[PDB]
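**Q** Sharing a structure with you now.
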Ligand code: SRM
Ligand code: SF4
Ligand SMILES: [K+]
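In structure tokens, the structure reads:
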């Protein structure tokens, strides 16, 4: 279990070949596991720092996790600057000791693919005339909970205000230090930023950040999100460039009988002009493909089974690693997701909603790595084969789903969804998401203030 610092999930084709080699020859599993934080993991390492350092990669006292950045913006030209900033914040935050681990993102509306509400500090990019002018700052997200411990809770980030580009690093540093100083000095399970904010208050925390940064926040600049999914397939970039996002189930890159996913990515890496981008949805973008090269790349991806069509449901589902490698796993996640979505796909077809999707996530234990606490339908592992079923989040990921059923099995989960999906298929308003529908139709009460109303 070794993880690399890879801001924005951008990795070169050279770096890819290096990690592909190591993964194959020096680990028990032989796989490359793309994570939902835009980096990769090796499992069962049997020097790695030299191998990493040799291609210019460094694995993260340092409570800082990988800084995320919207991987495939609709306004393609914005990525370069946003990525440059994610990278600078990353280097800037590198060693103070944080009470708990600190997570940061750079978001480019209208996409919340990085799932900002699961993070401590978020910089939402504001652009004027194709140029970034500043960031809206949202602080305090965190999903980790402890079963039956009403003192823990998932929380969404709070808006602090807008800041011109020039103040970015000063503000980033100020949030980190304020949290470091005010974080709970006694208990580890309450030292996270989401808890500090609720203890001292957003305005109190905010005022301190302004004092330390040497700035005064301006009012929030308008922004909205329309989704969190990747743009599977070919999308037109800038110039004559194209981006091919490949759906990779569970982000597990391995050669399977008749689906040489790993070798395929190696073949592509060898002829690929630009680089790759690991997404927050555990997928991979082959970025900067000249129009003339599309066919070459597509042929390989197609042959290798990297372009096998899946339903929109499968593309919008996610699970954490869990067993067999995670020591904290309570129930299967990555290994349960595939057949579970086979079941959900059947249910979607049965109700005539096969072209629809429900943001569905499974996390193997309450730590919440699979980000089930920001899903429309979240499954939270409680024991072997048993999960807590949560409903009521929304497509864009700005609402925490309340627990609907507790410690139930797959057959029980499937029966409840069969029924709920049916009602949604028939009673929903035009373009209404499943999560919103369960809340509208009174199937589940919404979570309006997590620190106070998440638990029944
Ligand atoms: C690989 C990854 C899951 C995935 O399927 O993509 C994952 C995997 C693990 N996470 Fe996580 N976490 C990962 C994203 C997150 C997220 C979601 C996110 O950041 O977008 C969360 C929820 C958000 C949050 O932090 O509140 C998350 C909250 C945790 C926690 C609980 C943190 C807390 O504040 O209490 C732990 C346990 C701990 O650190 O104590 C943890 C622990 C772990 C460990 C490293 C278990 C351990 O401590 O020994 C898991 C490794 C399993 C394995 O065998 O590989 N992981 N984990 C995601 C790796 C991110 C990365 O590259 O660093
Ligand atoms: S949610 Fe739990 S089981 Fe899943 S990877 Fe994180 S710590 Fe392990
Ligand atoms: K995926």
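Residue numbers (this note's numbering): 270 to 725. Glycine is no exception: its CB is placed at the ideal position from the N, C-alpha and C atoms.
Does the beta-carbon of residue 413, which I'm using as the reference point, lie nearer than 7 Å to any heavy atom of ligand 1?
**A** For residue 413, the CB falls within less than 7 Å of some heavy atom of ligand 1.
**Q** Compute the minimum distance between the beta carbon of residue 270 and the heavy atoms of ligand 1, and state whether it is under 7 Å.
**A** Proximity of the beta carbon of residue 270 to ligand 1 is indicated: a heavy atom of the ligand is located closer than 7 Å.
**Q** Going by DSSP, which residues form a beta bridge with residue 487?
**A** 431
**Q** In or out: residue 359 buried (at least 16 other Cβ within 10 Å) or exposed?
**A** buried
**Q** Can you name the residues that DSSP bridges to residue 544?
**A** Residue pairing for residue 544: DSSP places it in no beta bridge.
**Q** What is the DSSP secondary structure of residue 376, reduced to helix, strand or coil?
**A** Correct three-state label for residue 376: strand.
**Q** Which first and last residues belong to the beta strand (DSSP E) in which residue 711 is found?
**A** Counting along the chain, residue 711 falls outside any beta strand (DSSP E), and DSSP gives it neither H nor E.
**Q** Thinking C-beta only, is residue 547 closer than 8 Å to residue 346?
**A** no
**Q** Is there at least one non-hydrogen atom of ligand 1 closer than 7 Å to the beta-carbon of residue 590?
**A** yes
**Q** What first and last residue would you give for the alpha helix (DSSP H) that runs through residue 721?
**A** 719-722
**Q** Beta-carbon within less than 8 Å of residue 495's beta-carbon, same chain only, minus the 5 sequence neighbours each way: which residues are those?
**A** Sequence-distant partners of residue 495 (beyond 5 residues in either direction) whose C-beta falls short of 8 Å from its own C-beta, in its chain, are 379, 380 and 665.
**Q** DSSP beta-bridge partners for residue 426?
**A** In DSSP, residue 426 forms no bridge with anything.
**Q** Around ligand 3, what residues have a beta-carbon under 7 Å from a heavy atom of it, in chain order?
**A** 516, 517, 518, 519, 520, 550, 551, 552 and 587
**Q** Which term fits residue 222, buried or exposed, when burial requires 16 or more other beta carbons within 10 angstroms of its beta carbon?
**A** Past the edges of the chain, shown from 270 to 725, lies residue 222, and the structure says nothing about it.
**Q** In angstroms, rounded to a whole number, what distance separates the CA positions of residue 373 and residue 335?
**A** 7 Å
**Q** Compute the beta-carbon to beta-carbon distance between residue 337 and residue 549, rounded to the nearest angstrom, for a pair I have assumed lies under 8 Å.
**A** 6 Å
**Q** Quick check on DSSP: helix, strand or coil for residue 307?
**A** Reduced to three states, the DSSP call for residue 307 is coil.
**Q** Output the boundary residues of the alpha helix (DSSP H) element that contains residue 612.
**A** 606-619
**Q** Quick check on the DSSP output: the alpha helix (DSSP H) that includes residue 674 runs from which residue to which?
**A** For residue 674, there is no enclosing alpha helix (DSSP H); the residue is found in the beta strand (DSSP E) stretching over 671-678.
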